[PDB]
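Heads up, the chain below is alone and in the form deposited without 2-phenyl-ethanol (PEL); it's given as structure tokens.
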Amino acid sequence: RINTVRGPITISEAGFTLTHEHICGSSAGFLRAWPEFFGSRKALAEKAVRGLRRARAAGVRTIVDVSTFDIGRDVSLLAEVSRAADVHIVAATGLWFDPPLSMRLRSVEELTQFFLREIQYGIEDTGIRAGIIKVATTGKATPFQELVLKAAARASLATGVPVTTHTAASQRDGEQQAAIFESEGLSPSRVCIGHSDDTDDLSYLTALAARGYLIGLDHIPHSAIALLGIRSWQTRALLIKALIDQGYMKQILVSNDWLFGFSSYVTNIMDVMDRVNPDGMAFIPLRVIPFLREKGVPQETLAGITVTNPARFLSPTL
């Protein structure tokens, strides 16, 4: 049983699942303070439903939202949009990078309790419970990172809920994360190590996958912001293929954003519509799957990645 914003559902109910999305919250709470600019909570919910419905028509049935409290997560809006669009939504607990001092000053022990709260008791006063633990980490490696990583490993160990991370600026930063999880006794299959691009060494990726970790090609870091020039999503899609070819199809998780090349979250607060993904959340099913199929990847394999992988991952396993 997986916790959704409308309650627990069974694994078989999940179906085709999109991971690492940000359905709402791009204002980071500023829409309450400046609805005139940001828009009203209702108009936002409308925008969302419209998008969900298109995705759903495309075949999507569940979505994993990874917004945390510190970046504007609003579970009640999520519950509302979920009901109206008839698409399951899993919400997250965790922290983003550079969290407020209030949390930044907390110990491993306190942090573990806050995450447990959001999962076992519910978020805020909503009675809505989290179904995943999100850990965003930026650039240079800090002690704080370690702590957060450890509190997340413990919350997972206690509950069986999965952990999804963002790897820092360090090299093979993921090996360093693996080490933390492992030293906490957390099974690697409970963890998704996320990456922002296709620049990592395949040898590095495969090795991690060989250890049991899930490999996420899952996010675009939130930034204001060339060397590498600019790759196409087609080229990034190819990485999936390689991993698959290497024998790792069971360990992959991929998001619309990582493929497209831009953070959807940021796009919404930007002036530029040039940055927009005309397919929205339907990008994977509408374009990416077809492309991979055209490259020779079998249907069933693609299905393993968009249905099986997510399900197994979300399913609380102790």
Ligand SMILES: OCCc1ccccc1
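In this text, residue numbers run from 1 along the sequence as written. Between two forms, the rigid core is the largest collection of C-alphas that superpose within 1.5 Å.
The stretch of deposited sequence separating residue 225 from residue 226 contains 4 to 9 residues lacking coordinates in this entry. Comparing 271 to 279 with 27 to 35, the stretch with the higher mean C-alpha B-factor in the PDB entry is 271 to 279. In this crystal structure, the stretch out of 195 to 203 and 73 to 81 whose C-alpha atoms carry the higher mean B factor is 195 to 203.
The top Cα temperature factor in the record, among 62, 255, 264, 251, falls on 264. Highest CA B-factor among the listed residues (160, 188, 143, 127): 143. In this PDB entry, residue 300 carries a Cα temperature factor that places it within the highest third of its chain's modelled residues.
Ranked against the other modelled residues of its chain, the C-alpha B-factor of residue 221 as given in the entry falls in the middle third. The entry lists a Cα temperature factor for residue 138 that places it in the highest third of the chain's modelled residues. In this PDB entry, the Cα temperature factor of residue 315 sits in the bottom third of its chain's modelled residues, the lowest group.
Among the modelled residues of its chain, residue 293 has a C-alpha B-factor that falls in the highest third, as given in the PDB entry.
The discussion below concerns the form solved in complex with 2-phenyl-ethanol (PEL), not included here.
No atom of 2-phenyl-ethanol (PEL), overlaid from where it sits in the bound PDB entry, falls within 2.4 angstroms of a backbone or C-beta atom of the displayed form, which makes the pocket open.
The chain is drawn here without 2-phenyl-ethanol (PEL); in the bound PDB entry, the stretch among 243 to 251, 148 to 156, 208 to 216, 76 to 84 whose residues come within 4.5 Å of it by any heavy atom is 243 to 251. Although the partner is absent from this view, residue 18 stays clear of 2-phenyl-ethanol (PEL) in the bound PDB entry, with no non-hydrogen atom inside 4.5 angstroms. Heavy atoms of residue 6 never reach within 4.5 Å of 2-phenyl-ethanol (PEL) in the bound PDB entry, leaving it off the interface. When 2-phenyl-ethanol (PEL) is considered in the bound PDB entry, residue 312 lines it closely, a heavy atom lying within 4.5 Å.
By the criterion of a heavy atom within 4.5 Å, residue 300 is counted among the residues contacting 2-phenyl-ethanol (PEL) in the bound PDB entry. Of all the residues from 195 to 221, none has a non-hydrogen atom no more than 4.5 Å from 2-phenyl-ethanol (PEL) in the bound PDB entry. Among the candidates 120, 113, 196, 189, displacement between this form and the one not shown reaches 2 angstroms at the C-alpha for one position only, 196 (superposition on the rigid core).
After superposing the rigid core, the C-alpha of residue 167 moves by 2 Å or more between this form and the one not shown. Relative to the superposed core, residue 24 shifts its CA atom by 2 Å or more between this form and the one not shown. The Cα position of residue 35 differs by 2 Å or more between this form and the one not shown after fitting on the rigid core. Relative to this form, in the bound PDB entry the C-alpha atoms of residue 286 and residue 259 separate from one another by 3 angstroms or more. Whereas the shown form places them at one spacing, the Cα atoms of residue 271 and residue 286 lie at least 3 Å closer in the bound PDB entry.
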